[PDB]
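Asker: Could you have a look at this structure, given as structure tokens, before my questions?
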Amino acid sequence: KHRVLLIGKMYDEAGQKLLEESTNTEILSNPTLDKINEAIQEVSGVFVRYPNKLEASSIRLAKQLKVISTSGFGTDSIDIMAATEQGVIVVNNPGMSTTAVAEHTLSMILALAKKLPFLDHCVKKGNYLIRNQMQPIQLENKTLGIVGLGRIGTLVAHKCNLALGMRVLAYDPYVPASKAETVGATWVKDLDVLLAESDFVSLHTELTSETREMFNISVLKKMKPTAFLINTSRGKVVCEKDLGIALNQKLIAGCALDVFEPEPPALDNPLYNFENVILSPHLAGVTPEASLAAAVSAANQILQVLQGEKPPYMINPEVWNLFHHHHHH
Amino acid sequence: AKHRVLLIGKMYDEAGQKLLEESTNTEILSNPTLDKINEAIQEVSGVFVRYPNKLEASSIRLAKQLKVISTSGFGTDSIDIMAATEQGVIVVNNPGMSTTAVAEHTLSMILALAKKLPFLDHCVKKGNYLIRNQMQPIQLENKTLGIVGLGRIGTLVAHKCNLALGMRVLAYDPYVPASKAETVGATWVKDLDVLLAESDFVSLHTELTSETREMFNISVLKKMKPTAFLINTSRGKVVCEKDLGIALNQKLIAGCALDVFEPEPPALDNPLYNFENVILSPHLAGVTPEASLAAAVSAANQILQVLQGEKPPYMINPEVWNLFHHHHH
Ligand SMILES: NC(=O)c1ccc[n+]([C@@H]2O[C@H](COP(=O)([O-])OP(=O)(O)OC[C@H]3O[C@@H](n4cnc5c(N)ncnc54)[C@H](O)[C@@H]3O)[C@@H](O)[C@H]2O)c1
Ligand SMILES: NC(=O)c1ccc[n+]([C@@H]2O[C@H](COP(=O)([O-])OP(=O)(O)OC[C@H]3O[C@@H](n4cnc5c(N)ncnc54)[C@H](O)[C@@H]3O)[C@@H](O)[C@H]2O)c1
């Protein structure tokens with residue numbers, strides 16, 4: 001029977017149960033490159049838990065490899081070129097946690113408006129009278145600016161408009177304006193207009209060379225001093241040093257972050273010392289439902305390629321013909 | 001007890017209908033009128049729509065127990081999605097099941113235009129073998145192919161025409177990264193006008209949207225080379241067919257190959273039937289045994305998923321999911 005290497009465990013054991021019905025699996029925990037190499041030589045499939053890496057030199061050692069599956073959308077730590085050259089199919093598992101991240105985003109937007117973690121701290125310390133200096137924000141009729149109108153951004157736009165009564169603006173050069181109009185948002189060609197008009201700005205872009213450090217001191221200066229930033233996308237989209245300067249200089253009023261750069265944020269991180277800051281440890285997409293759906297998807301696609309069936313989320317379909325040559329024909 | 005499912009046209013493989021019959025009672029209509037749909041749709045929980053059959057808003061409103069509409073393939077232009085969304089009805093498509101088939105069919109049509117294959121077959125069979133002394137077939141090596149829409153099919157067509165024929169491949173698609181073209185040896189161009197000026201064959205592979213509706217009109221044909229050919233396997237409404245006929249008459253382009261039409265099916269007296277260097281097929285580019293089986297299984301399984309309250313993989317109106325929940329309980 002075929003052998004599968006799991007570079008990191010899946011998000012739900014049901015995916016490992018699926019593999020074990022037909023394959024012999026070995027599981028490594030944050031393995032070093034050497035540990036991968038001595039475990040990968042006889043496997044037909046590999047699962048990679050984000051953010052683990054799979055290098056070209058390791059792929060070359062896997063002479064019978066048929067398929068590499070990642071745990072989520074991201075494949076940046078996979079050398080796809082190497083896999084393609086050897087007839088190995090790379091699949092991702094995208095969109096398995098859209099609803100979880102959308103809910104987490106609504107949670108952070110509301111908690112910023114209501115000053116919820118700060119008020120909880122104050123009441124528990126006997127500082128009930130903080131209420132005199134408080135002005136919670138009503139979300140109704142405020143403006144939300146969505147940067148990245150993808151799977152998550154679209155759902156967040158829809159619910160903030162329909163359920164919370166917000167005006168919703170969006171910036172995304174790589175979707176048509178009709179996509180925003182369908183959910184009640186307006187797609188804007190000029191990011192600066194969204195920045196000037198928004199009371200809450202929520203980031204939902206893919207991380208690319210173009211969006212890396214896109215949210216820097218120049219952007220924060222354009223935002224309203226009363227506005228808040230929410231980032232549930234990727235830590236590298238935000239320049240954290242500039243963000244701290246912007247909070248310190250009151251260029252924006254606060255922020256909620258689920259992702260960081262560097263990740264694991266340092267014990268030193270100056271962002272910890274603002275009470276208009278709300279932090280979560282990269283959990284926005286983590287629910288039992290999302291973990292199970294991704295684990296089952298990844299296992300099912302590995303099993304498809306081992307059977308010779310085309311999986312639904314191939315990242316390198318240009319490899320199929322060589323895959324055919326190596327393992328069929 | 002069993003839910004009812006209406007098929008507005010058959011699937012292309014019986015496997016889908018057998019999957020549905022395990023758990024539901026089905027009725028199959030053959031090219032029904034709007035009235036026949038309304039009679040058969042009143043009590044059904046799920047509908048399958050075989051393209052180009054239409055499902056209009058008025059019919060969706062009569063379907064008081066409707067949960068899910070599945071299209072036969074990627075295209076959803078024959079569905080009133082807005083009406084479905086308003087009623088808490090999930091729309092699923094079935095994308096990427098015909099990608100190799102359409103890419104093969106597109107290469108077939110490019111070659112047949114270059115070699116004048118249907119015309120010459122007719123000549124030999126009518127006794128005019130000696131037409132050969134006036135024929136100059138085109139050598140595809142180093143000719144330029146322009147791809148409009150670098151999606152699943154457009155990217156595979158670019159890859160195959162490079163590998164099989166040595167063609168230079170240009171692409172126009174505002175919504176994909178230039179790296180996607182580079183990976184298959186093509187160049188992504190920001191200005192469609194440049195692609196039109198440089199291409200010897202222009203092949204259409206876009207989604208039909210308000211932006212691509214009637215994109216290929218007389219102004220575009222005036223920009224194409226008089227020696228160039230148009231290939232359309234995407235959607236008929238991307239091409240203004242009356243302008244295409246004008247363009248062929250006025251020698252703005254040399255010929256065309258079409259698998260999709262507007263009016264689809266086309267009329268008995270369509271003027272395109274009478275032109276030189278026209279090659280037509282009846283929306284069969286994506287209809288192979290392999291593709292039909294995959295699409296039929298996918299459509300059946302998504303219908304069954306939604307009937308169970310499970311989120312399917314190809315929801316095209318995810319903003320409707322909460323209203324579906326509210327009705328499905
Ligand atoms: N915090 C978590 O636990 C978690 C979980 C899942 C996803 N994510 C991240 O959240 C982000 C959104 O996820 P998704 O599934 O909606 O992605 P998606 O691929 O569906 O959408 C990404 C969108 O970003 C847009 N984009 C690219 N460049 C842009 C630019 N310069 N400006 C504006 N928009 C741009 C793209 O056009 C796309 O519509 C991603 O970064 C994803 O990695 C985080
Ligand atoms: N038998 C057949 O003829 C057959 C079979 C399958 C699919 N199709 C059709 O072929 C088309 C492509 O299918 P696919 O699976 O590759 O879809 P896809 O979603 O993978 O690709 C469509 C591409 O169109 C591009 N697009 C959107 N707007 C554009 C614009 N203004 N200009 C240029 N490009 C734009 C998108 O960005 C996308 O990359 C669809 O119209 C589909 O309905 C036909």
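Letters A, B, ... go to the chains of the structure tokens in the order shown; residues in each chain start at 1; ligands are counted from 1 in the same order.
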Please give me, as JSON, numbers by chain, the residues lying within 6 Å of ligand 2 when counting only C-alpha atoms and all ligand atoms.

Answerer: {"B": [74, 75, 95, 96, 98, 102, 148, 149, 150, 151, 152, 153, 154, 172, 173, 174, 175, 176, 205, 206, 207, 208, 211, 212, 233, 234, 235, 259, 283, 284, 285, 286]}

Asker: Hey, which residues come within 6 Å of ligand 1 if we count only C-alpha atoms and all ligand atoms? Could you give them as a ChimeraX atom specification?

Answerer: /A:95,97,101,147-153,171-175,204-207,210-211,232-234,258-259,282-285

Asker: Let's have the selection written as a PDB file, in the first residue's frame, with N, CA and C atoms.

Answerer:
ATOM      1  N   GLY A  95     -10.264  28.184   0.960  1.00  0.00           N
ATOM      2  CA  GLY A  95     -11.618  28.562   1.306  1.00  0.00           C
ATOM      3  C   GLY A  95     -12.309  27.673   2.313  1.00  0.00           C
ATOM      4  N   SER A  97     -12.103  27.949   5.581  1.00  0.00           N
ATOM      5  CA  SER A  97     -12.374  28.663   6.820  1.00  0.00           C
ATOM      6  C   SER A  97     -12.964  30.046   6.574  1.00  0.00           C
ATOM      7  N   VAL A 101     -13.331  33.051   9.515  1.00  0.00           N
ATOM      8  CA  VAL A 101     -12.617  34.328   9.500  1.00  0.00           C
ATOM      9  C   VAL A 101     -13.586  35.503   9.399  1.00  0.00           C
ATOM     10  N   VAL A 147     -10.353  46.042   2.033  1.00  0.00           N
ATOM     11  CA  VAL A 147      -9.207  45.942   1.131  1.00  0.00           C
ATOM     12  C   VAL A 147      -9.027  44.462   0.816  1.00  0.00           C
ATOM     13  N   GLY A 148      -9.386  44.080  -0.410  1.00  0.00           N
ATOM     14  CA  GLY A 148      -9.383  42.693  -0.824  1.00  0.00           C
ATOM     15  C   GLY A 148     -10.781  42.133  -0.774  1.00  0.00           C
ATOM     16  N   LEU A 149     -11.473  42.110  -1.913  1.00  0.00           N
ATOM     17  CA  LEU A 149     -12.844  41.605  -1.977  1.00  0.00           C
ATOM     18  C   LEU A 149     -12.852  40.178  -2.525  1.00  0.00           C
ATOM     19  N   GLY A 150     -12.247  39.280  -1.760  1.00  0.00           N
ATOM     20  CA  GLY A 150     -12.185  37.853  -2.039  1.00  0.00           C
ATOM     21  C   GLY A 150     -13.257  37.092  -1.292  1.00  0.00           C
ATOM     22  N   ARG A 151     -12.948  35.844  -0.943  1.00  0.00           N
ATOM     23  CA  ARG A 151     -13.928  35.015  -0.243  1.00  0.00           C
ATOM     24  C   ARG A 151     -14.371  35.665   1.066  1.00  0.00           C
ATOM     25  N   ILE A 152     -13.407  36.042   1.905  1.00  0.00           N
ATOM     26  CA  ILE A 152     -13.737  36.588   3.217  1.00  0.00           C
ATOM     27  C   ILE A 152     -14.230  38.017   3.105  1.00  0.00           C
ATOM     28  N   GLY A 153     -13.520  38.848   2.331  1.00  0.00           N
ATOM     29  CA  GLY A 153     -13.919  40.243   2.207  1.00  0.00           C
ATOM     30  C   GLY A 153     -15.338  40.409   1.703  1.00  0.00           C
ATOM     31  N   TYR A 171     -11.650  48.105  -2.055  1.00  0.00           N
ATOM     32  CA  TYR A 171     -10.518  48.284  -2.967  1.00  0.00           C
ATOM     33  C   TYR A 171      -9.955  46.918  -3.326  1.00  0.00           C
ATOM     34  N   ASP A 172      -9.991  46.580  -4.623  1.00  0.00           N
ATOM     35  CA  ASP A 172      -9.421  45.323  -5.090  1.00  0.00           C
ATOM     36  C   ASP A 172      -9.219  45.453  -6.591  1.00  0.00           C
ATOM     37  N   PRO A 173      -7.999  45.710  -7.061  1.00  0.00           N
ATOM     38  CA  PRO A 173      -7.790  45.876  -8.511  1.00  0.00           C
ATOM     39  C   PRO A 173      -8.075  44.633  -9.334  1.00  0.00           C
ATOM     40  N   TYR A 174      -8.214  43.460  -8.721  1.00  0.00           N
ATOM     41  CA  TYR A 174      -8.250  42.221  -9.490  1.00  0.00           C
ATOM     42  C   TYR A 174      -9.597  41.513  -9.406  1.00  0.00           C
ATOM     43  N   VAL A 175     -10.666  42.252  -9.110  1.00  0.00           N
ATOM     44  CA  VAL A 175     -12.041  41.765  -9.235  1.00  0.00           C
ATOM     45  C   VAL A 175     -12.865  42.820  -9.959  1.00  0.00           C
ATOM     46  N   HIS A 204      -8.215  42.098   3.787  1.00  0.00           N
ATOM     47  CA  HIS A 204      -8.555  40.742   3.384  1.00  0.00           C
ATOM     48  C   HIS A 204      -7.864  40.375   2.070  1.00  0.00           C
ATOM     49  N   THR A 205      -6.708  40.969   1.785  1.00  0.00           N
ATOM     50  CA  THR A 205      -5.990  40.634   0.550  1.00  0.00           C
ATOM     51  C   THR A 205      -5.150  39.373   0.714  1.00  0.00           C
ATOM     52  N   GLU A 206      -4.855  38.740  -0.425  1.00  0.00           N
ATOM     53  CA  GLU A 206      -3.736  37.815  -0.517  1.00  0.00           C
ATOM     54  C   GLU A 206      -2.425  38.557  -0.273  1.00  0.00           C
ATOM     55  N   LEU A 207      -1.454  37.858   0.308  1.00  0.00           N
ATOM     56  CA  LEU A 207      -0.109  38.411   0.436  1.00  0.00           C
ATOM     57  C   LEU A 207       0.629  38.207  -0.881  1.00  0.00           C
ATOM     58  N   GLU A 210       3.068  42.952  -4.154  1.00  0.00           N
ATOM     59  CA  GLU A 210       2.394  44.240  -4.199  1.00  0.00           C
ATOM     60  C   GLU A 210       1.756  44.615  -2.862  1.00  0.00           C
ATOM     61  N   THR A 211       1.213  43.647  -2.126  1.00  0.00           N
ATOM     62  CA  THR A 211       0.579  43.976  -0.852  1.00  0.00           C
ATOM     63  C   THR A 211       1.523  43.873   0.342  1.00  0.00           C
ATOM     64  N   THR A 232      -6.940  40.562   9.626  1.00  0.00           N
ATOM     65  CA  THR A 232      -7.027  39.115   9.734  1.00  0.00           C
ATOM     66  C   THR A 232      -6.411  38.406   8.528  1.00  0.00           C
ATOM     67  N   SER A 233      -5.702  39.133   7.650  1.00  0.00           N
ATOM     68  CA  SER A 233      -5.178  38.475   6.452  1.00  0.00           C
ATOM     69  C   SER A 233      -3.806  37.839   6.655  1.00  0.00           C
ATOM     70  N   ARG A 234      -2.742  38.638   6.540  1.00  0.00           N
ATOM     71  CA  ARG A 234      -1.371  38.171   6.716  1.00  0.00           C
ATOM     72  C   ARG A 234      -0.592  39.280   7.397  1.00  0.00           C
ATOM     73  N   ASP A 258      -5.128  39.781  14.131  1.00  0.00           N
ATOM     74  CA  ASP A 258      -5.042  38.344  14.326  1.00  0.00           C
ATOM     75  C   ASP A 258      -3.747  37.782  13.774  1.00  0.00           C
ATOM     76  N   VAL A 259      -2.997  38.578  13.009  1.00  0.00           N
ATOM     77  CA  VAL A 259      -1.769  38.127  12.368  1.00  0.00           C
ATOM     78  C   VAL A 259      -0.705  39.200  12.550  1.00  0.00           C
ATOM     79  N   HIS A 282      -3.503  34.444  15.743  1.00  0.00           N
ATOM     80  CA  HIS A 282      -3.715  33.761  14.466  1.00  0.00           C
ATOM     81  C   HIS A 282      -4.674  32.581  14.630  1.00  0.00           C
ATOM     82  N   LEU A 283      -5.882  32.911  15.099  1.00  0.00           N
ATOM     83  CA  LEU A 283      -6.938  31.927  15.297  1.00  0.00           C
ATOM     84  C   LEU A 283      -8.199  32.220  14.486  1.00  0.00           C
ATOM     85  N   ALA A 284      -8.180  33.216  13.594  1.00  0.00           N
ATOM     86  CA  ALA A 284      -9.432  33.667  12.979  1.00  0.00           C
ATOM     87  C   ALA A 284     -10.105  32.551  12.187  1.00  0.00           C
ATOM     88  N   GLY A 285      -9.323  31.706  11.523  1.00  0.00           N
ATOM     89  CA  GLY A 285      -9.866  30.605  10.757  1.00  0.00           C
ATOM     90  C   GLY A 285      -9.991  29.284  11.489  1.00  0.00           C
TER      91      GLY A 285
END

Asker: Rank nothing, just name the residue among B:181, B:231, B:252, B:260 nearest to chain A, using only C-alpha atoms.

Answerer: B:181

Asker: Can you tell me, as number ranges by chain, which residues in stretch 31-175 of chain A count as strand (DSSP E or B) by DSSP?

Answerer: A: 45-48, 54, 67-70, 78, 89-91, 143-147, 167-171

Asker: Can you tell me, as a PyMOL selection string, what residues are no more than 9 Å from stretch 291-302 of chain A when counting only C-alpha atoms, ignoring any on the same chain fewer than 6 positions away?

Answerer: chain A and resi 4+10-19+45-47+66-72+91-97+285+309-313

Asker: Using only C-alpha atoms, find the one residue out of B:28, B:202, B:244, B:295 that sits nearest to chain A.

Answerer: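 Looking at the shortest contact to chain A, the residue is B:295.
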
Asker: As a PyMOL selection string, please: the residues near residue B:255 (cut-off 7 Å, only C-alpha atoms, same-chain neighbours under 2 positions excluded).

Answerer: chain B and resi 229-230+248+253+276-278

Asker: Which residues of chain B sit at most 12 Å from chain A, using only C-alpha atoms? Give each one's shortest atom pair and distance in Å (one decimal place), in chain and ascending residue order, as JSON lines.

Answerer:
{"residue": "B:81", "atom": "CA", "partner": "A:182", "partner_atom": "CA", "distance": 10.2}
{"residue": "B:82", "atom": "CA", "partner": "A:182", "partner_atom": "CA", "distance": 8.5}
{"residue": "B:85", "atom": "CA", "partner": "A:182", "partner_atom": "CA", "distance": 10.1}
{"residue": "B:86", "atom": "CA", "partner": "A:182", "partner_atom": "CA", "distance": 11.6}
{"residue": "B:94", "atom": "CA", "partner": "A:312", "partner_atom": "CA", "distance": 10.6}
{"residue": "B:95", "atom": "CA", "partner": "A:312", "partner_atom": "CA", "distance": 9.2}
{"residue": "B:96", "atom": "CA", "partner": "A:312", "partner_atom": "CA", "distance": 7.8}
{"residue": "B:97", "atom": "CA", "partner": "A:312", "partner_atom": "CA", "distance": 8.7}
{"residue": "B:98", "atom": "CA", "partner": "A:310", "partner_atom": "CA", "distance": 11.3}
{"residue": "B:99", "atom": "CA", "partner": "A:317", "partner_atom": "CA", "distance": 10.1}
{"residue": "B:100", "atom": "CA", "partner": "A:317", "partner_atom": "CA", "distance": 10.0}
{"residue": "B:151", "atom": "CA", "partner": "A:317", "partner_atom": "CA", "distance": 11.8}
{"residue": "B:152", "atom": "CA", "partner": "A:317", "partner_atom": "CA", "distance": 9.0}
{"residue": "B:153", "atom": "CA", "partner": "A:317", "partner_atom": "CA", "distance": 10.7}
{"residue": "B:155", "atom": "CA", "partner": "A:318", "partner_atom": "CA", "distance": 9.0}
{"residue": "B:156", "atom": "CA", "partner": "A:318", "partner_atom": "CA", "distance": 7.4}
{"residue": "B:157", "atom": "CA", "partner": "A:318", "partner_atom": "CA", "distance": 10.7}
{"residue": "B:158", "atom": "CA", "partner": "A:318", "partner_atom": "CA", "distance": 10.5}
{"residue": "B:159", "atom": "CA", "partner": "A:318", "partner_atom": "CA", "distance": 7.4}
{"residue": "B:160", "atom": "CA", "partner": "A:318", "partner_atom": "CA", "distance": 9.3}
{"residue": "B:162", "atom": "CA", "partner": "A:318", "partner_atom": "CA", "distance": 11.9}
{"residue": "B:163", "atom": "CA", "partner": "A:318", "partner_atom": "CA", "distance": 10.8}
{"residue": "B:173", "atom": "CA", "partner": "A:174", "partner_atom": "CA", "distance": 9.5}
{"residue": "B:174", "atom": "CA", "partner": "A:174", "partner_atom": "CA", "distance": 6.6}
{"residue": "B:175", "atom": "CA", "partner": "A:174", "partner_atom": "CA", "distance": 4.2}
{"residue": "B:176", "atom": "CA", "partner": "A:174", "partner_atom": "CA", "distance": 6.9}
{"residue": "B:177", "atom": "CA", "partner": "A:174", "partner_atom": "CA", "distance": 8.8}
{"residue": "B:178", "atom": "CA", "partner": "A:174", "partner_atom": "CA", "distance": 11.9}
{"residue": "B:179", "atom": "CA", "partner": "A:208", "partner_atom": "CA", "distance": 11.4}
{"residue": "B:180", "atom": "CA", "partner": "A:316", "partner_atom": "CA", "distance": 10.2}
{"residue": "B:181", "atom": "CA", "partner": "A:318", "partner_atom": "CA", "distance": 11.7}
{"residue": "B:183", "atom": "CA", "partner": "A:318", "partner_atom": "CA", "distance": 8.6}
{"residue": "B:184", "atom": "CA", "partner": "A:318", "partner_atom": "CA", "distance": 7.4}
{"residue": "B:185", "atom": "CA", "partner": "A:318", "partner_atom": "CA", "distance": 11.0}
{"residue": "B:207", "atom": "CA", "partner": "A:176", "partner_atom": "CA", "distance": 11.4}
{"residue": "B:208", "atom": "CA", "partner": "A:176", "partner_atom": "CA", "distance": 11.7}
{"residue": "B:209", "atom": "CA", "partner": "A:178", "partner_atom": "CA", "distance": 8.4}
{"residue": "B:210", "atom": "CA", "partner": "A:178", "partner_atom": "CA", "distance": 7.9}
{"residue": "B:211", "atom": "CA", "partner": "A:176", "partner_atom": "CA", "distance": 8.1}
{"residue": "B:212", "atom": "CA", "partner": "A:176", "partner_atom": "CA", "distance": 10.7}
{"residue": "B:290", "atom": "CA", "partner": "A:309", "partner_atom": "CA", "distance": 10.7}
{"residue": "B:291", "atom": "CA", "partner": "A:310", "partner_atom": "CA", "distance": 10.9}
{"residue": "B:294", "atom": "CA", "partner": "A:310", "partner_atom": "CA", "distance": 9.6}
{"residue": "B:295", "atom": "CA", "partner": "A:312", "partner_atom": "CA", "distance": 11.7}
{"residue": "B:298", "atom": "CA", "partner": "A:312", "partner_atom": "CA", "distance": 10.5}
{"residue": "B:310", "atom": "CA", "partner": "A:293", "partner_atom": "CA", "distance": 10.9}
{"residue": "B:311", "atom": "CA", "partner": "A:293", "partner_atom": "CA", "distance": 10.0}
{"residue": "B:312", "atom": "CA", "partner": "A:293", "partner_atom": "CA", "distance": 10.8}
{"residue": "B:313", "atom": "CA", "partner": "A:95", "partner_atom": "CA", "distance": 8.8}
{"residue": "B:314", "atom": "CA", "partner": "A:95", "partner_atom": "CA", "distance": 10.5}
{"residue": "B:315", "atom": "CA", "partner": "A:151", "partner_atom": "CA", "distance": 11.0}
{"residue": "B:316", "atom": "CA", "partner": "A:151", "partner_atom": "CA", "distance": 10.8}
{"residue": "B:317", "atom": "CA", "partner": "A:182", "partner_atom": "CA", "distance": 9.3}
{"residue": "B:318", "atom": "CA", "partner": "A:155", "partner_atom": "CA", "distance": 7.6}
{"residue": "B:319", "atom": "CA", "partner": "A:155", "partner_atom": "CA", "distance": 6.2}
{"residue": "B:320", "atom": "CA", "partner": "A:158", "partner_atom": "CA", "distance": 9.7}
{"residue": "B:321", "atom": "CA", "partner": "A:155", "partner_atom": "CA", "distance": 10.2}
{"residue": "B:322", "atom": "CA", "partner": "A:159", "partner_atom": "CA", "distance": 9.9}
{"residue": "B:323", "atom": "CA", "partner": "A:162", "partner_atom": "CA", "distance": 11.8}

Asker: Write out as a short mmCIF file (atom, residue, chain, number, x, y, z; two decimals) with N, CA, C and O atoms, in the first residue's frame which residues come within 9 Å of residue A:55 when counting only C-alpha atoms, dropping same-chain ones fewer than 6 positions away.

Answerer:
data_model
loop_
_atom_site.label_atom_id
_atom_site.label_comp_id
_atom_site.auth_asym_id
_atom_site.auth_seq_id
_atom_site.Cartn_x
_atom_site.Cartn_y
_atom_site.Cartn_z
N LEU A 33 14.94 19.73 7.93
CA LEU A 33 15.09 19.28 6.55
C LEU A 33 15.62 17.85 6.49
O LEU A 33 15.16 17.04 5.68
N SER A 77 5.64 28.11 0.60
CA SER A 77 6.74 27.34 1.15
C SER A 77 6.94 26.00 0.44
O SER A 77 7.70 25.17 0.93
N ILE A 78 6.27 25.79 -0.69
CA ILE A 78 6.46 24.61 -1.53
C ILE A 78 7.21 25.05 -2.78
O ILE A 78 6.87 26.08 -3.37
N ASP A 79 8.24 24.30 -3.17
CA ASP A 79 8.90 24.58 -4.45
C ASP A 79 8.08 23.89 -5.54
O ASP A 79 8.27 22.71 -5.84
N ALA A 82 10.07 22.57 -8.69
CA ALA A 82 10.67 21.25 -8.50
C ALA A 82 9.63 20.15 -8.64
O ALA A 82 9.88 19.14 -9.31
#

Asker: Stretch 24-186 of chain A: which residues are helix (DSSP H, G or I) by DSSP, as a PyMOL selection string?

Answerer: chain A and resi 33-39+56-60+80-85+98-114+116-124+128-133+151-162+177-182
